[PDB]
Each structure stands twice: as C-alpha cells, then as structure tokens.
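Peer 1: Have a look at this one before I ask anything.
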Amino acid sequence: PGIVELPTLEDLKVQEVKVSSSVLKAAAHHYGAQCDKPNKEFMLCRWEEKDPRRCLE
Amino acid sequence: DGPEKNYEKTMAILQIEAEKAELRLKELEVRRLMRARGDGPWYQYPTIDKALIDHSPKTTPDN
C-alpha cells in the first residue's frame, strides 16, 4: 500500500572508520567527550525523527 | 360517587398507560440502535486506557 522509500546507494558511500574494536574502546573515553556535538546531534535525530532515513546526513 | 370521578380518574389511568407504553417501545428501539452504532452512553464495552503507555525514550530509537 505505497512506496517504502529507501535512499539510493549513492549517499551511503560514506567514509567508514577502519579500526578494530579494541582501538575504539581504548580511546572511547577520549572520543566521546571531544566529539559529543555531532554525536548528540545525530542521536537526537535518531530519537526525535524516529526514522533512520532522516538522519543520513 | 359521581361518574365524573370515574371518568376523570380513568382518563388519568389512560394517560399514564399511554406514556408508559410508548416509552417501552422507545426502549426497545434505542437499545437496539445504540447497541449497534455504539455512540451512546451505555453498552460502551471496556477498552484499554491510554494512560498506561510509557512515553519515555526507550533503548532503541525506532519506537
């Protein structure tokens, strides 16, 4: 009953970090505090917009 | 006593019975009517209150 709109694969070709899990967790404390501003903006969209497709940017 | 007492009193008896008779017929019709449609005070079968909903943010964004 309608379009299940999915974004094209073009916008999904984003630079993904290539580091093992321990690398993330080792610097986790020094990562969350100093990169909070985009983290909180993205996650606020996740809970507010409630739709994955809205927070692609 | 005079026939007037019986005459007027019987008219009151008729008036009471006529009003009661038409109300019972209205009772059957209304009860049938609002049982089906349901936009009436009685026959409102129980539902679940919206108060018992947790509106706080969950552990997953998609909710």
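Labels for the structure tokens follow display order: chains A, B, ..., residues from 1 in each chain, ligands from 1.
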With only C-alpha atoms counted and 9 Å as the cut-off, give the residues of chain A in contact with chain B, each with its shortest interatomic distance in Å and the pair that gives it, as JSON lines.

Peer 2:
{"residue": "A:43", "atom": "CA", "partner": "B:61", "partner_atom": "CA", "distance": 8.2}
{"residue": "A:45", "atom": "CA", "partner": "B:61", "partner_atom": "CA", "distance": 8.9}
{"residue": "A:46", "atom": "CA", "partner": "B:61", "partner_atom": "CA", "distance": 5.4}
{"residue": "A:47", "atom": "CA", "partner": "B:61", "partner_atom": "CA", "distance": 4.6}
{"residue": "A:48", "atom": "CA", "partner": "B:61", "partner_atom": "CA", "distance": 8.1}
{"residue": "A:49", "atom": "CA", "partner": "B:61", "partner_atom": "CA", "distance": 8.7}
{"residue": "A:50", "atom": "CA", "partner": "B:62", "partner_atom": "CA", "distance": 5.3}
{"residue": "A:51", "atom": "CA", "partner": "B:62", "partner_atom": "CA", "distance": 6.6}
{"residue": "A:52", "atom": "CA", "partner": "B:62", "partner_atom": "CA", "distance": 7.8}

Peer 1: Looking only at helix (DSSP H, G or I) from DSSP on the backbone, list the matching residues of chain A as a ChimeraX atom specification.

Peer 2: /A:21-26,29-32,36-48,52-55

Peer 1: Keeping N, CA, C and O atoms, export the residues of the selection given above as a compact mmCIF listing (two decimals), in the first residue's frame.

Peer 2:
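Heads up, here's the output in selection_14.txt:
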# COMPACT_ATOMS: atom_id res chain seq x y z
N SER A 21 37.94 -3.22 17.24
CA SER A 21 37.08 -2.83 18.35
C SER A 21 37.89 -2.30 19.53
O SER A 21 37.51 -1.30 20.15
N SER A 22 38.99 -2.96 19.86
CA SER A 22 39.81 -2.52 20.98
C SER A 22 40.35 -1.12 20.76
O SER A 22 40.54 -0.37 21.73
N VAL A 23 40.60 -0.74 19.51
CA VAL A 23 41.05 0.62 19.23
C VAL A 23 39.96 1.62 19.61
O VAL A 23 40.25 2.66 20.22
N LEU A 24 38.71 1.33 19.26
CA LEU A 24 37.61 2.20 19.65
C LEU A 24 37.50 2.31 21.16
O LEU A 24 37.37 3.41 21.71
N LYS A 25 37.55 1.17 21.85
CA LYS A 25 37.31 1.17 23.29
C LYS A 25 38.49 1.76 24.05
O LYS A 25 38.31 2.37 25.11
N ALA A 26 39.71 1.59 23.52
CA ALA A 26 40.88 2.17 24.18
C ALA A 26 40.80 3.68 24.22
O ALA A 26 41.13 4.31 25.23
N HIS A 29 36.88 6.85 25.93
CA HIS A 29 36.70 7.96 26.85
C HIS A 29 37.19 9.27 26.24
O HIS A 29 36.53 10.30 26.35
N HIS A 30 38.35 9.24 25.58
CA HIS A 30 38.87 10.43 24.94
C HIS A 30 38.21 10.72 23.60
O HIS A 30 38.62 11.65 22.91
N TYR A 31 37.20 9.93 23.21
CA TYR A 31 36.48 10.16 21.97
C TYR A 31 35.09 10.73 22.21
O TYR A 31 34.65 11.63 21.48
N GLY A 32 34.38 10.21 23.21
CA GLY A 32 33.01 10.64 23.44
C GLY A 32 32.90 12.09 23.86
O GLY A 32 32.03 12.82 23.37
N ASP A 36 31.34 15.08 21.09
CA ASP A 36 29.95 14.97 21.53
C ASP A 36 29.00 15.74 20.62
O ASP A 36 27.90 15.26 20.33
N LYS A 37 29.40 16.92 20.16
CA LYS A 37 28.48 17.80 19.44
C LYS A 37 27.86 17.13 18.22
O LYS A 37 26.63 17.18 18.08
N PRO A 38 28.62 16.50 17.31
CA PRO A 38 27.95 15.76 16.23
C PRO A 38 27.31 14.48 16.71
O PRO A 38 26.30 14.06 16.13
N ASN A 39 27.86 13.85 17.75
CA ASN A 39 27.25 12.63 18.28
C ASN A 39 25.86 12.91 18.83
O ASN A 39 24.90 12.20 18.51
N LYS A 40 25.73 13.95 19.65
CA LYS A 40 24.43 14.28 20.22
C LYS A 40 23.45 14.72 19.14
O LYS A 40 22.26 14.38 19.19
N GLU A 41 23.93 15.48 18.15
CA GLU A 41 23.06 15.91 17.05
C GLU A 41 22.52 14.72 16.29
O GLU A 41 21.31 14.65 16.00
N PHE A 42 23.39 13.77 15.94
CA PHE A 42 22.94 12.59 15.22
C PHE A 42 21.95 11.77 16.04
O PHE A 42 20.88 11.39 15.55
N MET A 43 22.30 11.50 17.31
CA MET A 43 21.45 10.64 18.12
C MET A 43 20.13 11.31 18.49
O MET A 43 19.11 10.63 18.63
N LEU A 44 20.14 12.63 18.67
CA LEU A 44 18.88 13.33 18.89
C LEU A 44 17.95 13.14 17.69
O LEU A 44 16.75 12.93 17.86
N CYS A 45 18.51 13.20 16.48
CA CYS A 45 17.72 12.91 15.29
C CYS A 45 17.17 11.49 15.33
O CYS A 45 16.03 11.24 14.93
N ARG A 46 17.98 10.54 15.82
CA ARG A 46 17.54 9.15 15.86
C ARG A 46 16.31 8.98 16.75
O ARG A 46 15.38 8.25 16.41
N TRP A 47 16.30 9.66 17.90
CA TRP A 47 15.16 9.55 18.80
C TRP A 47 14.04 10.51 18.41
O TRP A 47 12.86 10.16 18.55
N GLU A 48 14.37 11.71 17.93
CA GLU A 48 13.32 12.66 17.56
C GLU A 48 12.68 12.28 16.23
O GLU A 48 11.46 12.06 16.16
N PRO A 52 15.16 6.07 10.50
CA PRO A 52 16.57 6.00 10.07
C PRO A 52 16.90 6.88 8.87
O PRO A 52 17.98 7.48 8.83
N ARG A 53 15.99 6.98 7.90
CA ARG A 53 16.29 7.70 6.67
C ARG A 53 16.46 9.19 6.88
O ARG A 53 17.08 9.86 6.05
N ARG A 54 15.93 9.74 7.97
CA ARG A 54 16.01 11.18 8.18
C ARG A 54 17.39 11.64 8.62
O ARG A 54 17.77 12.79 8.36
N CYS A 55 18.16 10.77 9.27
CA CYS A 55 19.42 11.15 9.89
C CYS A 55 20.63 10.68 9.10
O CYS A 55 21.71 10.46 9.66

Peer 1: Give me the residues near residue B:31 as a list in words, where near means some atom within 12 Å (using only C-alpha atoms) and where sequence neighbours in that chain fewer than 6 positions away do not count.

Peer 2: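 So the residues in contact are residues 23, 24, 25, 37, 38, 39, 40, 41, 42 and 43 of chain B.
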
Peer 1: Store the residues picked out above, limited to C-alpha atoms, as a PDB file, in the first residue's frame.

Peer 2:
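File written: out-v8.pdb
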ATOM      1  CA  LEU B  23     -41.561   4.578  26.397  1.00  0.00           C
ATOM      2  CA  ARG B  24     -41.171   0.790  26.317  1.00  0.00           C
ATOM      3  CA  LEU B  25     -41.327   0.850  22.518  1.00  0.00           C
ATOM      4  CA  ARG B  37     -23.786   2.019  16.463  1.00  0.00           C
ATOM      5  CA  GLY B  38     -22.322   2.333  19.956  1.00  0.00           C
ATOM      6  CA  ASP B  39     -22.068   6.140  20.068  1.00  0.00           C
ATOM      7  CA  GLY B  40     -24.136   6.070  23.228  1.00  0.00           C
ATOM      8  CA  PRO B  41     -23.556   6.091  26.987  1.00  0.00           C
ATOM      9  CA  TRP B  42     -24.389   2.502  27.852  1.00  0.00           C
ATOM     10  CA  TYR B  43     -23.159  -0.603  26.013  1.00  0.00           C
TER      11      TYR B  43
END
